[PDB]
Structures are given as structure tokens and as C-alpha cells.
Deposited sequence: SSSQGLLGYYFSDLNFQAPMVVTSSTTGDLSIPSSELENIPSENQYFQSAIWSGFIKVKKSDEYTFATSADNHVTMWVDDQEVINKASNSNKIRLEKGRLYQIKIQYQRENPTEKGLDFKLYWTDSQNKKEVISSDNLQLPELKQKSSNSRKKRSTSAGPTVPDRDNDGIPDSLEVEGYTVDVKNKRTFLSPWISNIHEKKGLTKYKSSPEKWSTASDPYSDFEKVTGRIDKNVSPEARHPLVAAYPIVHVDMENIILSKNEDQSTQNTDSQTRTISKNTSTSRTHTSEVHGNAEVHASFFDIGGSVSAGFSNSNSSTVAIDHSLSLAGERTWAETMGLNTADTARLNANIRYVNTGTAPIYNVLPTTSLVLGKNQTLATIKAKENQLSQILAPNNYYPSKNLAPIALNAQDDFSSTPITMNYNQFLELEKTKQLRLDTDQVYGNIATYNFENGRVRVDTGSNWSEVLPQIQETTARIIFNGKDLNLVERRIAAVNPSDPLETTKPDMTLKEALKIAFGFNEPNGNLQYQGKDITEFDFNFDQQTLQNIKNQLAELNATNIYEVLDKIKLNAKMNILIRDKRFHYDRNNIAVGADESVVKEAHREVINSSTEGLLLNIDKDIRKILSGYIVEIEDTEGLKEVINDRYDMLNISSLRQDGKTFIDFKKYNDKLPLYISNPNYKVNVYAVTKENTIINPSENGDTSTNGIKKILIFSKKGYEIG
């Protein structure tokens, strides 16, 4: 436990005013060699005062004499009783086993001749055995949030919220740097720390956790935190909390009786806009699209499902955490919903019986393991998921399901100062924390990574709330850098090489009005030029999306402009009568449902090879990540027959938003009404 010990505050001044280093020491050796002070101006490497705080506990009752390597400069209290005061002494104090004695030490030396501090806390037993106090006998002060209803003995570091960071540092700015076995927390000094690659922190001196999450500002920056918490959420202004949805991977529909439809499904976590404007809702939901492709006639007929029959549904799922904190003992409950509000099933996992962690940016079960079946194989008491005839017709019509997941996440792994360890705390519940996170942060949702919606929350002021006014200012620019890792190599804001102007900015109706007001005040008509001047407030909702795609009402990417789709297919690696091989970006493939292949004769007449709405699925991804478009799949497994070399092979792309998933009113099953985009056209002789 390299984080346990006494907590020390080292000041350059004589009167505990200018804290230069805040760090813990594991043993009674409270020294800081000048060698580990390279992030401190040499001039300020002289410590004229210091304060240490914590507890001492003993594992064998005895009478003890405390001594220090500089008693003449030390005043020391044990449970508010003064035991050393500017003179060495041999007074004994009885220390009882299994008790916690509060320790406080102050040190003052004017104008020391050495940089740093050489200082040790000793004790002597009843056997006259004197030694530097061991790591086993020391523990940190309890830097947890106090109660509403929460003397002296010496100097007090102003620390209104009891996180451990002095009020002045949180307000004016601080940083941390790891030297060997320790993390030194120091005031921000621009002329040293910028070119050392250090991060400048500010936080609220009134909020134990500035993001209102369950990890203290001090715990976050000193690494006294769950290792599974996302690295961006180690910043005191970025909230650390789980965000869980269910991903359905495939589905099997069957008729209930004493022939089946088995289809892959694609599932996306959603964010439902209002009317144009981002939504206010913080609920977890995902929408499932069932593959409409060919396996003949309707599913219902294939299953032999008639008016008085019932259909059964089974599926494989995983839980996905797209948040910034892990989950340990409770997976959230999920409703499987048909249409608007027809609940087909309640999906639950057993409380306190998780087989593994559900970590940020990860899955439950993990990808190397089998997914969860809604009705497991040997689980014969599991409730079947059934639907009547009408309900099944509705399912075949929409081929869509919804998964509404609650926000019940179980207990939190928190740091324990008693033993200097992170452990699951049974008295801490994510439900006791989420509402405050949601109430005190601005939310940004960004899809730049892979077009999936990723949500982050950033501590921001509430100008109506006195406590939330004590927070550091937060610009839109800074939030994007700290929460999402946007950067700016030459002062130009980017996300992973991509210019900021490539992304659209959308807000809820309240946030929009706020932003427009700020723009008018800045005499700006464009948000890009003033991203570093736009201020965020608590409860803003900001949606940021790649401009190259079309989005549905759930803000899922479902298409792109014709030119974007065409350009994406310009890179043909190989063409033959068997198919096309080409490089297609991941993001473009995400918005395509498949392709239509046609042969056009010299007269301009056409033969469509795969002429069914449910025959678009002729594209596959190779191991090397290239896309193969298979001409043979729906051509009776034969290469195209091109009767004359001057005939053309035309291949069209179909985007998700233009995909037809059922025959038309009149029973048309062809591709004739499908809105399609030409992406390849070559003559027989050009193909070879």
C-alpha cells in the first residue's frame, strides 16, 4: 500500500501560507530530497514550514516516547494533547492496542541552508528500542466528505471540503507529478510546468468531488482511485460514472408448438432529439434492427404462424459500458419493447452474482466469451418470451425492437483511507450519486470516434446555484480537450487529425438559446472562431456529429450524400465477373445495407442480377479489412454472364435510410423502388 502513511504539507514560507508540495510518506521518514524537486523552482525548494496529519495505531500496548530529528522546531499533538514543543523531551504517552490516535505535527525553521527537508518521526518503546515509525503504524487522515453537522490543536490547512487539497490551490490551479514512490501535488507555476508536460487542474474548494461523482478531487489526481475508471475521468472536472446499454447480437423467432427465423441484429445506443434539437433525457436505450435479408415468403408463413398461434423469441445479448466508471455487483434491468410500449420481456441478471467486472469501453460478458442468451440452454425455469399473431406481424413490419435499460448499477469501488486501498463499498450506491452528476454537469455527446454516440459530462457552473458558482469556468473548447481528447497542434482544434469544422454542433432548446446569447455578446455569427470563449453551464446538452453523414431521429448514422458514397468507392483493387474488391472506410460501411448489381446492354436495357429487396447482402469484409462485393451469391453461384463485351456492369450502393425491409403494398419484391447510388460502372472488356 504505497499510498498509505501520514499526509504532509510543505511550505516555502514560515507561516503555513504557501503550500509547495502536498504528499504522503509511508514511514516516519517525512523527508523530501532536493533531487525529487525538479518541478519546483530552485528558489522555492526551501521549506520553512510543514504540517503532517494522520493517525497512529499500535499492535501492542505500551508506553511511548516520541522524538523527531528536529524537536527544537517541532510542535506535535497526539489527540490534541501537546507532546513536543520546541524542545526534545522524554515524556511517555500510553498507547492502547486497537485504538486510533490522531497525529498532528508542525515544523518551522527560518531560512534553512539546505533545499528540501530531512525530517524523521521516531518513537521509543519500553525496551528503549528507538526507530523511525514503521509503515504498519501510520494511516492517512480521513479525507472523505463530512456530514452537514461537520478543537483546534495547531495550524489548519484551509480545506473547506475535506478532500485534502488546500482551498487556494483548487481555486488558483494545481498539478501533480509522480516522483518514484510518490505523487507530489503542487501549485501551478506556468513557467515551469507547461514545458514539463504537466496538466493544470482547477476544482471547487467546496465540492469534495467537483464532478459530484464518488471520487474526491484529491483521490483522482493522486491515483487513489479504482484503476478501471477511465483516464479522462481522473480529471476533477470530468465525471466518472457508468453508462450501460444492451447490445443484441442475433435473434431466433419460432412458432410455439409441441421453420424458424434466425437473423443477425444490429444494435445502437440512441439519443432521441426533440421534434432538430438534442434531448434532455438521461435514460439508457438502444434500438435493434433485425436483418431483413433472405433466408420464399413472409416470416410468419415460413414459421407457419397463423391467427391463433403464438411466436417465441430468443436472442443473444451483451451489456456495454460506454461510460467512465466500472460496475461490480448489479447489472441494470432492461425492458425488451415492441413498437412504442409493448414490453415483451423483462431482462434481469442476478444481483451480486456477476461473473466479471463491466468496465468502461467494454462488454459483459467479455468479447472472448459467449454472449448471454435471454433464455439460457439449461435454464428451464426462465420465462419464455412470447408474442401473439398481431404482435408478430408488427415485428415483421418494422423489424425493430427497443431495449430500455434503467440506471441501477450497484455499489461503487471507493478508496479507503484506513488501509490505503480501493474496495467495493457496500454503503455506496451509484443511485446515490447519478442525480447529482446529472444536475451539476454539462453533457456533451460526440460521435467522431466510430459514429456511435459517446456521452461525457463536465463540471460546469450553475449561475443560479451558489455552490455550483464556486466551480472553475469551463469553455466548450476545454471540455472537448479534457473529456474527448480533442487537441490543437498549431492552435487549430482537431479530433484525431480531423478539423473541428468537420463536426456540427447541436443543442437542446434551452442550451441553444444560451449559446445564441453568448454568440451575440461576442459579436460572432459562427461558433468555431469562439469555442474558447463559449462558457458551459450545468445541465447543458450538446450533441456533436460528423457532418459527412445523415442521422435519423435517434441520431444514428443512416446515410450520406451521394458524392460521399461515390467517393468512398473510387478505390477499386480488383474487378472480375465474380465481383469487386475495394478499400472502403469503416464509417461508410456502417451506413450501407448492401448493393444492387445490374447488367446494362447496348440498347440501355437492364438485367438486375439480385433483384429482390432482401438480396442486398452481397458484401463481406475480408480478414485484411478489404470489402468484397459478391456477384455470384444471388446469380446461382455463377460468375456474371456478359453476352457482349460492350455491355456494362453497374453496381449501386444502398444506404440504411433508403433500405426497404418488406414487399410493397402491391406485393412487389423487386429492387425497383429502391433509392440507390451508382458506385461502379465498367464495360465487360474494361473488367476483363
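- If you line the structure up with the deposited chain, the stretches without a C-alpha atom are 151-155, 264-273, 291-306, 327-329.
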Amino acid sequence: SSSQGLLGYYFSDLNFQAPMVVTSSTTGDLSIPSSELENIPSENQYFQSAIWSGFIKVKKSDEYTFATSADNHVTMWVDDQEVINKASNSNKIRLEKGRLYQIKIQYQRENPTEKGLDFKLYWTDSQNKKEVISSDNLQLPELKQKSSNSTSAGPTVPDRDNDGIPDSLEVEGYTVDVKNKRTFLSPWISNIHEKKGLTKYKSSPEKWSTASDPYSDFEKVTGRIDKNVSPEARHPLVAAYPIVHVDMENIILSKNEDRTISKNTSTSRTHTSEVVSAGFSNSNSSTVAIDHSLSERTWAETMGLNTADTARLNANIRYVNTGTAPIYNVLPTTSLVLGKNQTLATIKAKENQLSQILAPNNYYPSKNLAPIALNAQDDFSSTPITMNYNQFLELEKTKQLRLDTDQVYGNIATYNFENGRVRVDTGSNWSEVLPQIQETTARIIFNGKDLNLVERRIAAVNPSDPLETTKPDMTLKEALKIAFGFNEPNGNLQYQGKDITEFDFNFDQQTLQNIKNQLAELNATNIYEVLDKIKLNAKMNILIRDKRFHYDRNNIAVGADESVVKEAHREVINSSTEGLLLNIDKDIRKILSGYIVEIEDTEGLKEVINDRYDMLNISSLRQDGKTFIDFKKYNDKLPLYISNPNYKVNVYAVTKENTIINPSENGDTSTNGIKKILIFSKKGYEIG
From here on, numbers count along this sequence of modelled residues.
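- Higher average CA B factor: 387-395, of the stretches 440-448 and 387-395.
- For the two regions 263-271 and 604-612, the entry's Cα B-factors average higher over 604-612.
- Residues shown: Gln494, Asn429, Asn72, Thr324. Highest C-alpha temperature factor in the entry: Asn72.
- Ranking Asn149, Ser286, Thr475, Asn411 by Cα temperature factor from the entry places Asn149 first.
- For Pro466, the recorded CA temperature factor ranks within the highest third of the chain's modelled residues.
- For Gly684, the recorded CA temperature factor ranks within the middle third of the chain's modelled residues.
- Sort the chain's modelled residues by C-alpha temperature factor and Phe549 lands in the lowest third, per the entry.
- Compared with the other modelled residues of the chain, the Cα B-factor recorded for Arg457 ranks in the lowest third.
- Ranked by Cα temperature factor within the chain, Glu657 sits in the lowest third according to the deposited record.
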